[PDB]
Structure formats: C-alpha cells, structure tokens
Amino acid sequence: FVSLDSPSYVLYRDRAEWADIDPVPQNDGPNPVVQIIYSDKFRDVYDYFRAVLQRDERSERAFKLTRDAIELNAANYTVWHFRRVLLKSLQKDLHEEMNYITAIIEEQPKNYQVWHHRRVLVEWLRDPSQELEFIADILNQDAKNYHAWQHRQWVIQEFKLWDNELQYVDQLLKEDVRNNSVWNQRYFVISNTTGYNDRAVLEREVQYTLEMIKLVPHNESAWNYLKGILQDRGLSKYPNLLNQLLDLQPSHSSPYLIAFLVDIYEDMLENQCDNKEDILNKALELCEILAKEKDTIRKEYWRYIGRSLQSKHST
C-alpha cells in the first residue's frame, strides 16, 4: 500500500482503520539506559506492532504493519517471526512473499533475518527454482557475501543442485582468482560430488591449483587450497610436489612457498622419512628464514614450529 517514505504515508495513530486498537508504548523503565531517541515514525510503527503482538492479532492489517516495522529495522527478529506466524494463519501467497524477500535482500544483503526468512519460504514451498539465479545476482554485487554463499550451499545440498556449480565456481575464479569464498565453494562442490579419493580428480585439482599459483604466486587462497586438498593424507605422501616446489623456489621464494616446504618437511619427519637429520636441518633453516626475514609477522609461530620440530625429532 503506502511505504514509509511515500508522500501519502500516514502515521498509524492517525489511521481510522487502526483507531480501535490502543498502541502499546515501550517500557524502558524510569531511568533508561542505552535509550535510542527514535524518530516519530519509528516509534509510531513499533507502538502499534507491540499492540498487535500483545493481542496476538492475526490480521491482514497486522501483516501489512510488519512490512513497515521491517523497513524501520530489518534486524528485528521478533517482527520477522510474527510475520511468519501471519503468513501461515492468513494463508498468504508464498510466491508473493518470495518476491517481497527478494526485494528486501537486494536492499539489505548483510543481515541474518532476511536470508533466514527466504530459507523458510523455500522450505515451505519446497521450491528452489529461483535460488541459484537470485543468489548469483547478489554475488554479482558482492562476490563474498557470507550469507549468500551459506544460503547457496544449503539450497544445493538440500535440493541436490550440484550439476552446474563447478562451472559457476570456474567462472567466478576467472573473475577474481583471489576470491576465497569461491575456493571454499570449489572444495564444497568436489568433496560432495566426486570426492578427492579419486586420484584422477585429485590430480586434476592439484594441476589446476599449481597453474593458478604460477599465474598469481602471491595469491594465498590457491596455496591454502593446495594444502587443504592434500593435508589429510599427509603432505609427505606426494614426493613429486616437493620437487616441483623446490624448482620454483629460487625464482619464486614467497613466504607461501617457503611455508609450504616447512609443512612438507614436518609431515616427512612425522612419517619416518629417510635422511631425518637432513630434513630436520632444512626445516629449521626455513623456520629461521621465515621468522627473521620472509614472514616476520609470524615470527612467534615460526619459532614455535622450530622448537616443536626439535622436541619431536632430534634423536
């Protein structure tokens, strides 16, 4: 009907159709703390929301009122909950409500309540047909919106919409290879579909990641994904990887590469590698280089790694 900013908007205390119900002012106590000096419009809407909530009035007027309360404070979870109670009682058209939540999220995508409301609607309708496209639009505006990605994972997993997600991940990585949210989605997609136990899949992933690292050597996300897909089996289980990284070292001694080498050495020592003393010396030299020169912000961590290595493998 009329929005809060509409020229013809009328305060609830002035609406004839609301005259039969008394507004309920907020009880802040005689000596209030953290007292918000509300605008007249804000207080007016909330005084009436408090009244309908208190009377548990499941009406169309109460339903429209929640829309105004939400515009005033979309983080008010009590209003959202009551709105859902009304959606059910009044048997409101859920597709119409989906259109509403779509507009709301577009305006305020960084809010927990709006995304939760949308999830409830999709669950109620058992209809995910608009989800991937809607989410892609939000991500088109902020490619790292946490709520958007979380909602995306839920929809895909709940309705088994895995088919085109790796392509979506690939497109977004092409747009910004440093987008950590996308590398996370890549892991989410693969672990839930083919898994990483398939050696052909793992090889494809290791090659792809190494390629990305060569393109942008200082992009930490690619380095983290490489370790992430190999860490559970153990970094020392991939002998060729060590050699490849070693060749790259002179021309690409980034703290990421050096740190990865220490991680490999750590695992080697943990697995009764041959040349223990040699590997330990190499690992300690690298920890020193990282602590003193290449990654000084993490000097306390690297010094701790050096002491751990000695407590576990000095013999």
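Note that residue numbering follows the sequence shown and begins at 1.
Engineer: Read off the CA B-factors in the entry, average them over 50 to 58 and over 257 to 265, and name the higher stretch.
Structural biologist: So the stretch with the higher mean C-alpha B-factor is 50 to 58.
Engineer: Check the entry's C-alpha temperature factors for 293 to 301 and 16 to 24, then say which stretch has the higher mean.
Structural biologist: The recorded data point to 16 to 24.
Engineer: Can you tell me which of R204, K92, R152, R186 has the maximum CA B-factor listed in the PDB entry?
Structural biologist: Max CA B-factor in the entry, restricted to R204, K92, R152, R186: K92.
Engineer: Going by the CA temperature factor in the entry, name the top one among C273, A283, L65, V34.
Structural biologist: Each of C273, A283, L65, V34 was compared by C-alpha B-factor; the highest is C273.
Engineer: Determine, from the deposited record, the chain-internal third of the Cα B-factor for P128: lowest, middle or highest.
Structural biologist: CA B-factor rank for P128: highest third.
Engineer: Which third, lowest, middle or highest, does the C-alpha temperature factor of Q310 belong to within its own chain?
Structural biologist: Its C-alpha B-factor, which the entry lists for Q310, ranks in the lowest third among residues of this chain.
Engineer: Would you please rank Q141 by its C-alpha temperature factor against the other modelled residues of its chain and give the third it falls in: lowest, middle or highest?
Structural biologist: Middle third.
Engineer: Which third, lowest, middle or highest, does the CA B-factor of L87 fall in along this chain?
Structural biologist: CA B-factor rank for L87: highest third.
Engineer: Ranking every modelled residue in this chain by its Cα temperature factor as given in the entry, which third contains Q108?
Structural biologist: Highest third, going by the recorded CA B-factors of the chain.
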